[PDB]
Amino acid sequence: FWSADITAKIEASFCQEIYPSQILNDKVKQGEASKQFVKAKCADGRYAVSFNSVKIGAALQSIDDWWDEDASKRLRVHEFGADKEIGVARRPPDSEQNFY
Amino acid sequence: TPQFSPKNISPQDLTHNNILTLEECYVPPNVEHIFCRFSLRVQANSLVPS
Amino acid sequence: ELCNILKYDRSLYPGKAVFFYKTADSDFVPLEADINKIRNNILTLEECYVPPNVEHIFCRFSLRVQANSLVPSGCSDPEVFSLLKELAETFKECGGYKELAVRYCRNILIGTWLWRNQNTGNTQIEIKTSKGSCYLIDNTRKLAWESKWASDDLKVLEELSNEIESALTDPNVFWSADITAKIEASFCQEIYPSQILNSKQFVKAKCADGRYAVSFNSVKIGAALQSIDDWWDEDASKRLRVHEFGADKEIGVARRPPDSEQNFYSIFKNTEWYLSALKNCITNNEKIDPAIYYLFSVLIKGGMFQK
Amino acid sequence: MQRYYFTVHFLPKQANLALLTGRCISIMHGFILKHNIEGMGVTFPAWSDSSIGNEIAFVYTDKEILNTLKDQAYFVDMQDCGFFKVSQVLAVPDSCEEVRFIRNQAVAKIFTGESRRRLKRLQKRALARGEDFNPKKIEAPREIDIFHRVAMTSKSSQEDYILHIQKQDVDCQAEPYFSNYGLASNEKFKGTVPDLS
RNA sequence: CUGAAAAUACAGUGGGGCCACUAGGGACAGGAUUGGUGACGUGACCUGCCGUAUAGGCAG
């Protein structure tokens, strides 16, 4: 039974902008804000701005650079090796490199 | 237009704005350090299919 | 020609610009607005002025600079990605980022970013960089874009432009600067921070102790630094905030309209043309085409442009 | 004893009410100073929480002097042009329905210029007395009830300013004692006017 | 200038009595929303007085 407590301490600039996880709003009413942030509600009642667990999970599993012998870029571990920057699958179903 | 031709709507409406209602997170003034903490558990689930 | 998912991340990251004053006991007293409410459908009228015994007021913000204008953040087309990469490299090696950096730097030194509070008193500007430099302007009120400066202010401009240009071109260099303006306030001088759109309320920054200090939006300081676009015509009356259609907010009509060939997208369709023009501009006293300066100023602004 | 009145109704929909209300009160003020009249009151029949109305009414005990005030140049001129609807001198229904319109000066403290003026004076006075000038700020935000603006020009000093008018409701009629704008200033003057609709 | 003219459906009224839905129970595995943004300067809220007073009252 193994568990780790991991803490980052960032020397912040004066009123520096923080970039947490954003909640989706395609269904938008113009009363309340469209672009929101993912929040962890504390016991006191206040809301701490936070990342999703899957967001953290996606970062740790950014290890896949086996899709070419000279590829330096690491993809998030996917069954088809999807690269959403350049917008192609690096392990297509046509090839022998996809998981299945 | 979809094939790059300018459609004719008012010259004054191009400099016109959109109202955006956003949430913003900034560090409070004269706070030197910010902290981000998560916990990681590791289980041996890749040996046998569930 | 143009891609599906072409997008750029901005290069200049300014913070919120907080207003404050220094007493004998404390060296950060936040400047608070006076809230008045009326009537329950309560209206809130807020007014902001310098407290009676305070003789200097301070506007402070941090500017950090990444090199996010060399390669696009996302792209579908590999040939476009390779083209833009080589274009950026060509523009860098020619030394146009220096000219952009100087214009960005000059706006910091003349106190543009102090919008309606600019030259209301004898403003001095202190700039402390991450590399342990410390620049001082002494009097903001004696400078201007078209004015010729003293050698001291030109040395400050040269050195800080070199630091910003190095930060804009090198991906392996992390660069930040802390910029404070000290303004000689008159007796209860009215101060003009940023307002909320929705009554009259001011953009506040909540301190650690709970008190709210009036400030400028980061976007507004940004809009000040990136007010360099005078390439739209030869005798340009003003410098526009860098926009893809050259939109002027005060007058309220575009100076680079979609019908014209001087809007961003018309210039972005001739990249392979401008690359050959830049490659000819290498080794050559020949000046760079202003369309490429406007192009790279939009790429330093960033965007999730077409489409 | 029987208080007579007339009413000036502003017909155009695009009319700036603070301007026209000021003009009507200034002409009344001028007339009062010229003829040496005491007890003249102003009432707003069409007073809402949204705004002051299109109607302003002048309440006094004498009928002839109200008829004299109805026959001023500006009123007949703006009635000829067709912007004004000026009523005849009618006796008040005299049943009940007393209100009090006050010029509340304290409203003027919500603006920066007033604080600057007030502190400059306090500084001079504190300096004159010989102590150190150190004023202390308030903790609670200033609470004011709904007020309406009447734009007023000092012809003596050529200075534009504003009357902050607030409506209060009273039970029964008090003595007719008002300011030179007929506007019962909430301590010095306690003059009530009949509520019209 | 009509498949033509004309036309009072009415009075009275007891649905009642009786009643057991029960037993048993795994929704489960995986997941990057992301790029970019100037609320105001054709505006009334001014200038003074009294007061120890950013209290509170006043003149145009």
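Here is the naming used below: chain letters follow the sequence lines, and residue numbers restart at 1 for every chain.
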Groove side engaged by D:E159 (side-chain heavy atom to groove-edge base atom, under 5.0 Å): minor
field: Torsion-based syn/anti label for E:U8, 90° from 0 as limit
entry: anti
field: Stacking of E:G15 on E:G16, centroid gap under 5.5 Å, tilt under 30°
entry: yes
field: Candidates E:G60, E:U33, E:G38 - which lies nearest the side chain of C:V219
entry: E:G38
message: Pick the closest RNA chain E nucleotide for D:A151 and for D:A106 by heavy atoms, then say which residue is nearer the 5' end.
response: D:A151
query: Would C:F305 count as stacked on E:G36 if the rule is ring centres under 5.5 Å and plane angle under 30°?
result: no
query: Would you call C:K16 and B:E24 a salt bridge, using N to O less than 4.0 angstrom?
result: yes
- prompt: If you check the D:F111 side chain, which of E:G35, E:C46, E:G41 turns out closest?
  reply: E:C46
query: Which salt bridge (charged side-chain N to carboxylate O under 4.0 Å, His left out) pairs, counting each pair once, include a residue from residues 219-229 of chain C, with sequence neighbours left out?
result: C:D229-C:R256
Residues C:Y265 and C:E244: side-chain donor-acceptor under 3.5 angstrom: yes
field: Nucleotide E:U54, atom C1' - distance to CD of D:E139 in whole Å
entry: 12 Å
message: Regarding D:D160, tell me which of base, sugar-phosphate or nothing describes its non-hydrogen contacts under 4.0 Å with the strands shown.
response: base
message: So for D:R121 and E:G51, does any side-chain atom that can act as donor or acceptor lie under 3.5 Å from a complementary atom in the base?
response: yes
- prompt: Does E:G16 have its sugar in the north or the south range once you look at the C1'-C2'-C3'-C4' torsion?
  reply: north
message: Does the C1'-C2'-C3'-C4' torsion put E:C21 in the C3'-endo-side north group or the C2'-endo-side south group?
response: south
- prompt: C1'-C2'-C3'-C4' for E:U34: north (positive) or south (negative)?
  reply: north
message: Regarding C:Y192, tell me which of base, sugar-phosphate or nothing describes its non-hydrogen contacts under 4.0 Å with the strands shown.
response: nothing
- line: Quick note, E:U22: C1'-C2'-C3'-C4' sign places the sugar (positive north, negative south) north
- prompt: Base, sugar-phosphate, or nothing for C:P193, non-hydrogen atoms under 4.0 angstrom?
  reply: sugar-phosphate
- prompt: Side chain of D:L119: nearest nucleotide among E:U33, E:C58, E:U54?
  reply: E:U54
query: Are the six-membered base rings of E:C28 and E:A29 within the stacking limits, centres under 5.5 Å and planes under 30°?
result: yes
- request: Report, as yes or no, whether the 6.0 Å neighbourhood of atom NZ on D:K136 holds more than 12 heavy atoms from other residues, nucleotides or ligands.
  value: no
query: According to the definition of ring centres under 5.5 angstrom and planes under 30 degrees, are E:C49 and E:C50 stacked?
result: yes
message: Once you apply a heavy-atom cut-off of 4.0 Å, does C:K249 come out as touching a base, just sugar-phosphate, or nothing?
response: base
task: Describe the nucleic acid contact of D:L163 in one word from base, sugar-phosphate, nothing, applying a heavy-atom distance below 4.0 Å.
output: nothing
message: If you go through the side-chain atoms of C:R116, does one of them form a donor-acceptor pair with the base of E:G41 closer than 3.5 Å?
response: yes
message: Over all strands shown, is C:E244 touching base, sugar-phosphate only, or nothing at heavy-atom distances under 4.0 angstrom?
response: nothing
- prompt: So do E:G35 and E:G36 actually stack on each other, going by six-membered ring centres closer than 5.5 Å and planes off by less than 30°?
  reply: no
- prompt: When you look at CZ of D:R23, are more than 12 heavy atoms from neighbouring residues, nucleotides or ligands closer to it than 6.0 Å?
  reply: no
task: Report whether the bases of the adjacent nucleotides E:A55 and E:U54 stack, using ring-centre distance under 5.5 Å and plane angle under 30°.
output: no
query: If you draw a 6.0 Å radius around CZ in C:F187, do more than 12 non-hydrogen atoms from other residues or ligands fall strictly inside?
result: yes
Atom-to-atom span, CD of D:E131 to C1' of E:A53 - whole angstrom: 11 Å
message: North or south for the sugar of E:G35? Use the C1'-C2'-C3'-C4' sign convention, positive meaning north.
response: north
